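The block underneath contains the structure these notes are about, expressed in structure tokens.
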Amino acid sequence: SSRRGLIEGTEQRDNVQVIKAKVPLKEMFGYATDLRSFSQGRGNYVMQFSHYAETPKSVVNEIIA
Amino acid sequence: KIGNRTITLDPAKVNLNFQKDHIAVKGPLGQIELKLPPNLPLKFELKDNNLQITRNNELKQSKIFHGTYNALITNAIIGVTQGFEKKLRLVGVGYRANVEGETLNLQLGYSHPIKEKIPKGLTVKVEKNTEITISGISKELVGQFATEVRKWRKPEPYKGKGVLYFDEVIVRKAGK
Amino acid sequence: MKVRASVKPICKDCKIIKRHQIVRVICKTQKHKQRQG
Amino acid sequence: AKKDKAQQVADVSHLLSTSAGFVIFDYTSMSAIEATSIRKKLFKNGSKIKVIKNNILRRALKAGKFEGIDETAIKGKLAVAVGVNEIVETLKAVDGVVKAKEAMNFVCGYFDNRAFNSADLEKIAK
Amino acid sequence: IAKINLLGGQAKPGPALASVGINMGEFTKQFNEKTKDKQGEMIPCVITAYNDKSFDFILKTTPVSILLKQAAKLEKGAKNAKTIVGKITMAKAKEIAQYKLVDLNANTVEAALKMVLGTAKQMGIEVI
Amino acid sequence: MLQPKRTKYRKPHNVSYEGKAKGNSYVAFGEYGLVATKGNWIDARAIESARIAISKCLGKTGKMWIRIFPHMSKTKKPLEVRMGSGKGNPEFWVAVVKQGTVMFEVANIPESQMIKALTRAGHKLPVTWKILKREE
Amino acid sequence: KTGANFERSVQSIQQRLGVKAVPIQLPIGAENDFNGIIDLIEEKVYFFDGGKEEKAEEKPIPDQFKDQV
RNA sequence: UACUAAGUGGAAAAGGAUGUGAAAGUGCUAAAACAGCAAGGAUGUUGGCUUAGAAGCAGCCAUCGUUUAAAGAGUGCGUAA
RNA sequence: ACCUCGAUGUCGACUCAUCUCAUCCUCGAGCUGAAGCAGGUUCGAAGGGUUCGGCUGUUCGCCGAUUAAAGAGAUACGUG
């Protein structure tokens, strides 16, 4: 819910619920290990690059000021 | 409005002793001796077949008085004709409780033995090692005992763990 | 309990009672308990 | 208003006096879904499954010349089917409702304004 | 209980379709076989307690919603309900009401048509 | 800033506000108003604060008028000087309020947001508040 | 330790795993009184001590357990 | 002759007060009024959209209609559904 | 500027301290975006306790190490 989100319902591959997440790579680092922490390791996640999207102002802060 | 409400009666199951100091209702399910202090605005009548106690005076504290005395008359009547019982669940992993003679033991997060004495006029029954039933003649005393047993453990949101009142679905909090 | 000097109904079930001439509130919501109104 | 109460009582007294047949049977849980199922079954029947207060049905019945003074003191959800203009099919439907519940005792009403024992009126119905 | 808005095709990829205890394929077989008539067309799905959710289902006669969408002659989602776009007339209104003649439980032409307007004036077309 | 264009004197006698409302004794433009139960001094800073507070809660369509405006001055001596060398230098501006005087009126605004804004105004003024409506 | 029971463990694995496994032994006690192991195909072994476990002898079951055995 | 259940009396700002009387208005109403309880509470409809997945309560455009005492896109609680 | 200017002995340190609670700690208790520990919040409670050294006359302050704890204050900013 806190990382540009894909929480608009549920997607299931007829026996396994695979949820899409268009999430920036900068927010993967602690994300994946904490997801394994919270989910007790009962899931996983796949490495696929979606696309080059807009950078949020949080990263823009270091561009110029 | 609770004013001189209709309180039915069967003058064969329970007999009455209406006095200005004690009201003693007696029957096969024991006796209840309601203690009422002297100098009360209320007047008691010798009646059966839906006895009703009327108001000689009309004033706020007297109004509350009559309401509460009528409510406690209802309470004592249903107690002496039916008794009272409470039941308490205990939701835990190693929590349990059972009986020794007249004392209820407790297994809690305490690493020290916990036992509590059973008050008079009430009896405990165990059906599962955690959920207990306390049965007596007073809703007052049974609720007091239920709170006494509860006082050692409070349910918490992070896990179902505590003295459940058989109908309390508590709110949930999701940490780790 | 919340230390304040003016409390008004803030959740829909915060009803006001006076216990021993101390004004307090009762509600299901546990972030809405307070006294010394 | 109380005057409105009296004039509504008079209006429904006129309604029941005009209506020959009418059956009011107390229902636990008369359900709206199965009610409109009845409505499909009744269709354009002179009957109208309807729900109005139970005190007005006393003073309606006591103004409108139909037998029973203590038969009006029913307790609970009450709905009257005014049988007319295919009153028979209305009776069919209300007995279907009788078989749709546990067992619903005869509260009041009859086929065409002459109440008798209800061990056969349901047989006219089915 | 668990209203289901699905097409007439596959009954496998419905996550809310199998949530009351029913299994997926055990009905999906006959669902596909008997809905091949309108595969690619919507068939709403609901359910009732059978005895234990071994197997139960009920398919609903289609309300006019995909035909009501083309009644506006627009294949786009209608986030504009006060705009009268598309042509509907008493003839077309009655033709639509034929679909919902058996779909509703209150039976009369004028009231079913009033249903059609009330659901349709808010469709994205301020209907006649 | 609410600073008047010019002043003949910087060092005047403020007011005797123990008397019924000379002017602005009733709401004129809007439909409701705040009134002071009694009179007192008010600075200009708190007038600006009340104006901005009521404007933040003001709708994009509502309008508000103020009645009392800073006309008088207010002076304070430094905290090292003994009693009496002259008269010091003025610090800020003060307006007077008489008992029964109205100061704020609002219009073209919902009544609920109206009472909201009146409460906001009342919580910021030391003088005791009271609420009235446009009588005529 | 607190939180375990042999019947509870086998029930949990049977439901959530579908293991369809077979037991051989049965602990005596609930969570602290583990001082003997009922044996199913042979005789129960009574442990005379705690964290020592150096004298092991296999003594007759009192029939309150042998019937269920 | 009224009030206080505050030893107010016997000190006081802001705000809060469902403490309580009195006063002038003022809705229903022994035909059940006010509750609480016993029951329904339907229906297009998961209105249309949105994010593959949001669909009475994520949210927006609508926020209207049949049976009907009445049923609300619902009074809130429930899930990303 | 109001007693005390025909006498009011005024800093700092040592010792002796006594009192208050707007509690620094031990104590009770609620609440938490209170997994738990680790935390914050303030109601009660003053019963008790509430350091040692370097620095410049020291109060202040800084620093060192350290205690379950290294209080704010009143008493001629205590006590010739």
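The way I read the labels, and the way they are meant: chains A, B, ... in the order of the structure tokens, residue 1 as the first residue of every chain, and ligand 1 as the first ligand shown, with later ones counted on from there.
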Long-range neighbours of residue 34 of chain H as a PyMOL selection string, 12 Å cut-off, only C-alpha atoms (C1' of nucleotides), 6 positions minimum in chain: (chain B and resi 1) or (chain H and resi 27-28)
Need to verify the contact set: segment 43-57 of chain F, 8 Å, only C-alpha atoms (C1' of nucleotides), exclusion of same-chain residues closer than 3 positions in sequence. Can you return it as a ChimeraX atom specification? /F:2,69-70,92-95,113,116-118,120-121,124-125
Kindly give the distance, in Å, that separates atom CA of residue 76 of chain F and atom CA of residue 122 of chain F, rounded to a single decimal. 27.0 Å
Identify, on the basis of only C-alpha atoms (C1' of nucleotides), every residue whose closest approach to segment 91-108 of chain E does not exceed 9 Å; exclude the query and any residue fewer than 6 positions from it along the same chain; express the result as a count of residues only. 25
Taking only C-alpha atoms (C1' of nucleotides) into account, name the residue in H:61, H:55, H:73, H:81 that is nearest to chain A. H:81
What lies within 9 Å of residue 13 of chain C using only C-alpha atoms (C1' of nucleotides), ignoring chain neighbours under 6 positions off, as a list in words? residues 26, 27, 28 and 29 of chain C
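If you look at atom CA of residue 28 of chain D and atom CA of residue 104 of chain D, they are 8.7 Å away from each other.
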DSSP-assigned strand (DSSP E) among chain D, expressed as a count of residues only: 12
Just how far from atom CA of residue 162 of chain B is atom CA of residue 100 of chain B, in Å to one decimal? 22.0 Å
Please list as an NGL selection string every residue within 8 Å of residue 80 of chain E, counting only C-alpha atoms (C1' of nucleotides) and excluding residues in the same chain fewer than 3 positions away. (:E and (83 or 124)) or (:H and (61-62))
Would you mind listing what lies within 12 Å of residue 68 of chain G as a PyMOL selection string, with only C-alpha atoms (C1' of nucleotides) counted and same-chain residues fewer than 3 positions away left out? chain G and resi 26+38-41+61-65
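Residues in contact range of residue 10 of chain C, defined as at most 12 Å between only C-alpha atoms (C1' of nucleotides), with sequence neighbours fewer than 5 positions away removed, read residues 15, 16, 25, 26, 27, 29, 31, 32, 33 and 34 of chain C.
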Mind writing the picked residues with C-alpha atoms as a PDB file, in the first residue's frame?
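The resulting file, again-v4.pdb, is reproduced below:
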ATOM      1  CA  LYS C  15     -21.177   9.458  25.932  1.00  0.00           C
ATOM      2  CA  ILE C  16     -20.613  11.610  29.008  1.00  0.00           C
ATOM      3  CA  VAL C  25     -16.772   9.481  29.085  1.00  0.00           C
ATOM      4  CA  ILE C  26     -17.522   5.945  27.963  1.00  0.00           C
ATOM      5  CA  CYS C  27     -17.106   4.618  24.431  1.00  0.00           C
ATOM      6  CA  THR C  29     -13.111   3.455  21.115  1.00  0.00           C
ATOM      7  CA  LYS C  31      -8.245   6.243  21.855  1.00  0.00           C
ATOM      8  CA  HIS C  32     -11.194   8.295  23.114  1.00  0.00           C
ATOM      9  CA  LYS C  33     -10.991   7.746  26.884  1.00  0.00           C
ATOM     10  CA  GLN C  34     -10.484  10.879  28.979  1.00  0.00           C
TER      11      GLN C  34
END
Run DSSP on the backbone and grab whatever in segment 22-114 of chain B lands in helix (DSSP H, G or I); send it over as JSON, numbers by chain. {"B": [60, 61, 62, 63, 64, 65, 66, 67, 68, 69, 70, 71, 72, 73, 74, 75, 76, 77, 78, 79, 80, 81, 82]}
Please dump the current selection as a PDB file, in the first residue's frame; keep N, CA and C atoms.
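The resulting file, result.pdb, is reproduced below:
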ATOM      1  N   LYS B  60     -36.551  12.942  42.862  1.00  0.00           N
ATOM      2  CA  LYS B  60     -35.530  12.326  42.017  1.00  0.00           C
ATOM      3  C   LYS B  60     -34.815  11.160  42.690  1.00  0.00           C
ATOM      4  N   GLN B  61     -34.277  11.379  43.892  1.00  0.00           N
ATOM      5  CA  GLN B  61     -33.561  10.303  44.565  1.00  0.00           C
ATOM      6  C   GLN B  61     -34.516   9.173  44.921  1.00  0.00           C
ATOM      7  N   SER B  62     -35.756   9.515  45.282  1.00  0.00           N
ATOM      8  CA  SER B  62     -36.757   8.482  45.528  1.00  0.00           C
ATOM      9  C   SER B  62     -37.128   7.747  44.245  1.00  0.00           C
ATOM     10  N   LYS B  63     -37.142   8.449  43.109  1.00  0.00           N
ATOM     11  CA  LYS B  63     -37.411   7.801  41.827  1.00  0.00           C
ATOM     12  C   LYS B  63     -36.333   6.778  41.491  1.00  0.00           C
ATOM     13  N   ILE B  64     -35.066   7.201  41.570  1.00  0.00           N
ATOM     14  CA  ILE B  64     -33.959   6.273  41.363  1.00  0.00           C
ATOM     15  C   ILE B  64     -34.033   5.131  42.362  1.00  0.00           C
ATOM     16  N   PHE B  65     -34.378   5.438  43.615  1.00  0.00           N
ATOM     17  CA  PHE B  65     -34.522   4.404  44.626  1.00  0.00           C
ATOM     18  C   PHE B  65     -35.514   3.343  44.176  1.00  0.00           C
ATOM     19  N   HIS B  66     -36.740   3.752  43.844  1.00  0.00           N
ATOM     20  CA  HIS B  66     -37.759   2.783  43.453  1.00  0.00           C
ATOM     21  C   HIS B  66     -37.322   1.977  42.241  1.00  0.00           C
ATOM     22  N   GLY B  67     -36.729   2.640  41.246  1.00  0.00           N
ATOM     23  CA  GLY B  67     -36.263   1.904  40.080  1.00  0.00           C
ATOM     24  C   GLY B  67     -35.281   0.810  40.452  1.00  0.00           C
ATOM     25  N   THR B  68     -34.310   1.147  41.299  1.00  0.00           N
ATOM     26  CA  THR B  68     -33.289   0.172  41.667  1.00  0.00           C
ATOM     27  C   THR B  68     -33.841  -0.914  42.586  1.00  0.00           C
ATOM     28  N   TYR B  69     -34.732  -0.560  43.518  1.00  0.00           N
ATOM     29  CA  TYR B  69     -35.311  -1.582  44.385  1.00  0.00           C
ATOM     30  C   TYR B  69     -36.182  -2.545  43.592  1.00  0.00           C
ATOM     31  N   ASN B  70     -36.948  -2.042  42.624  1.00  0.00           N
ATOM     32  CA  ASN B  70     -37.708  -2.932  41.751  1.00  0.00           C
ATOM     33  C   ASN B  70     -36.792  -3.832  40.933  1.00  0.00           C
ATOM     34  N   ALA B  71     -35.706  -3.275  40.390  1.00  0.00           N
ATOM     35  CA  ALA B  71     -34.774  -4.089  39.620  1.00  0.00           C
ATOM     36  C   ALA B  71     -34.158  -5.184  40.481  1.00  0.00           C
ATOM     37  N   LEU B  72     -33.776  -4.850  41.716  1.00  0.00           N
ATOM     38  CA  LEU B  72     -33.176  -5.862  42.578  1.00  0.00           C
ATOM     39  C   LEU B  72     -34.210  -6.870  43.068  1.00  0.00           C
ATOM     40  N   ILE B  73     -35.478  -6.470  43.185  1.00  0.00           N
ATOM     41  CA  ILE B  73     -36.535  -7.440  43.472  1.00  0.00           C
ATOM     42  C   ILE B  73     -36.646  -8.444  42.332  1.00  0.00           C
ATOM     43  N   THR B  74     -36.628  -7.949  41.093  1.00  0.00           N
ATOM     44  CA  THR B  74     -36.645  -8.848  39.941  1.00  0.00           C
ATOM     45  C   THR B  74     -35.439  -9.784  39.968  1.00  0.00           C
ATOM     46  N   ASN B  75     -34.267  -9.219  40.259  1.00  0.00           N
ATOM     47  CA  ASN B  75     -33.032  -9.996  40.295  1.00  0.00           C
ATOM     48  C   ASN B  75     -33.109 -11.098  41.344  1.00  0.00           C
ATOM     49  N   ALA B  76     -33.546 -10.753  42.556  1.00  0.00           N
ATOM     50  CA  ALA B  76     -33.620 -11.734  43.632  1.00  0.00           C
ATOM     51  C   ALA B  76     -34.686 -12.786  43.353  1.00  0.00           C
ATOM     52  N   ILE B  77     -35.805 -12.386  42.745  1.00  0.00           N
ATOM     53  CA  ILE B  77     -36.862 -13.348  42.441  1.00  0.00           C
ATOM     54  C   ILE B  77     -36.373 -14.363  41.416  1.00  0.00           C
ATOM     55  N   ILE B  78     -35.752 -13.886  40.335  1.00  0.00           N
ATOM     56  CA  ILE B  78     -35.272 -14.817  39.315  1.00  0.00           C
ATOM     57  C   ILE B  78     -34.119 -15.654  39.857  1.00  0.00           C
ATOM     58  N   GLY B  79     -33.358 -15.115  40.812  1.00  0.00           N
ATOM     59  CA  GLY B  79     -32.310 -15.906  41.437  1.00  0.00           C
ATOM     60  C   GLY B  79     -32.857 -17.022  42.307  1.00  0.00           C
ATOM     61  N   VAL B  80     -33.837 -16.703  43.155  1.00  0.00           N
ATOM     62  CA  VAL B  80     -34.404 -17.701  44.052  1.00  0.00           C
ATOM     63  C   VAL B  80     -35.288 -18.699  43.319  1.00  0.00           C
ATOM     64  N   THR B  81     -35.771 -18.354  42.125  1.00  0.00           N
ATOM     65  CA  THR B  81     -36.576 -19.279  41.340  1.00  0.00           C
ATOM     66  C   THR B  81     -35.795 -19.991  40.242  1.00  0.00           C
ATOM     67  N   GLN B  82     -34.642 -19.459  39.829  1.00  0.00           N
ATOM     68  CA  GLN B  82     -33.859 -20.071  38.765  1.00  0.00           C
ATOM     69  C   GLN B  82     -32.371 -20.184  39.065  1.00  0.00           C
TER      70      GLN B  82
END
Counting only C-alpha atoms (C1' of nucleotides), which residues of chain E fall within 6 Å of chain H, and what is the closest atom pair for each with its distance in Å at one decimal, ordered by chain and rising number, as a Markdown table?
| residue | atom | partner | partner_atom | distance |
| --- | --- | --- | --- | --- |
| E:77 | CA | H:49 | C1' | 5.1 |
| E:78 | CA | H:48 | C1' | 4.9 |
| E:79 | CA | H:61 | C1' | 4.1 |
| E:80 | CA | H:61 | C1' | 4.8 |
| E:81 | CA | H:62 | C1' | 5.2 |
| E:106 | CA | H:67 | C1' | 5.8 |
| E:111 | CA | H:66 | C1' | 5.1 |
| E:115 | CA | H:65 | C1' | 5.6 |
| E:118 | CA | H:65 | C1' | 4.2 |
| E:119 | CA | H:47 | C1' | 5.6 |
| E:122 | CA | H:62 | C1' | 5.4 |
| E:123 | CA | H:48 | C1' | 5.3 |
Let's have the selection written as a PDB file, in the first residue's frame, with C-alpha atoms.
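Dumped to result33.pdb:
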ATOM      1  CA  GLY E  77     -16.945   3.258 -19.213  1.00  0.00           C
ATOM      2  CA  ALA E  78     -19.636   5.701 -18.157  1.00  0.00           C
ATOM      3  CA  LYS E  79     -18.346   8.059 -15.474  1.00  0.00           C
ATOM      4  CA  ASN E  80     -20.885  10.609 -16.814  1.00  0.00           C
ATOM      5  CA  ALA E  81     -24.460   9.770 -15.797  1.00  0.00           C
ATOM      6  CA  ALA E 106     -42.400  -8.104  -9.544  1.00  0.00           C
ATOM      7  CA  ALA E 111     -42.949  -1.290 -13.371  1.00  0.00           C
ATOM      8  CA  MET E 115     -36.767  -0.459 -13.320  1.00  0.00           C
ATOM      9  CA  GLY E 118     -34.019   3.796 -13.069  1.00  0.00           C
ATOM     10  CA  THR E 119     -31.043   1.515 -13.667  1.00  0.00           C
ATOM     11  CA  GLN E 122     -27.881   6.331 -14.149  1.00  0.00           C
ATOM     12  CA  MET E 123     -26.191   4.102 -16.763  1.00  0.00           C
TER      13      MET E 123
END
If we count only C-alpha atoms (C1' of nucleotides), which residues of chain C reach to within 10 Å of chain H? Please list them as a short mmCIF file (atom, residue, chain, number, x, y, z; two decimals) with N, CA and C atoms, in the first residue's frame.
data_model
loop_
_atom_site.label_atom_id
_atom_site.label_comp_id
_atom_site.auth_asym_id
_atom_site.auth_seq_id
_atom_site.Cartn_x
_atom_site.Cartn_y
_atom_site.Cartn_z
N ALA C 5 -8.58 19.89 29.49
CA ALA C 5 -9.46 20.72 30.31
C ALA C 5 -10.74 21.08 29.56
N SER C 6 -10.93 20.55 28.36
CA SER C 6 -12.17 20.75 27.62
C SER C 6 -12.31 19.58 26.66
N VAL C 7 -13.27 18.71 26.91
CA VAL C 7 -13.50 17.53 26.08
C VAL C 7 -14.93 17.56 25.58
N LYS C 8 -15.10 17.23 24.31
CA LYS C 8 -16.40 17.23 23.65
C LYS C 8 -16.54 15.92 22.89
N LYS C 15 -20.12 8.91 25.10
CA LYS C 15 -21.18 9.46 25.93
C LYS C 15 -20.63 9.86 27.30
N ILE C 16 -21.18 10.95 27.84
CA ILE C 16 -20.61 11.61 29.01
C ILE C 16 -21.43 11.26 30.24
N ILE C 17 -20.73 10.88 31.31
CA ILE C 17 -21.32 10.55 32.60
C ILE C 17 -20.47 11.24 33.66
N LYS C 18 -21.02 11.39 34.86
CA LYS C 18 -20.29 12.02 35.96
C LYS C 18 -20.22 11.02 37.12
N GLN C 21 -18.92 13.16 40.91
CA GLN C 21 -18.69 14.55 40.49
C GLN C 21 -17.33 14.72 39.81
N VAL C 23 -16.36 14.35 35.82
CA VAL C 23 -16.94 14.09 34.51
C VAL C 23 -15.99 13.20 33.72
N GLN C 36 -11.25 14.64 33.61
CA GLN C 36 -11.14 16.07 33.94
C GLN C 36 -11.56 16.94 32.75
N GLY C 37 -12.81 16.75 32.35
CA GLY C 37 -13.38 17.50 31.25
C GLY C 37 -13.41 19.00 31.46
#
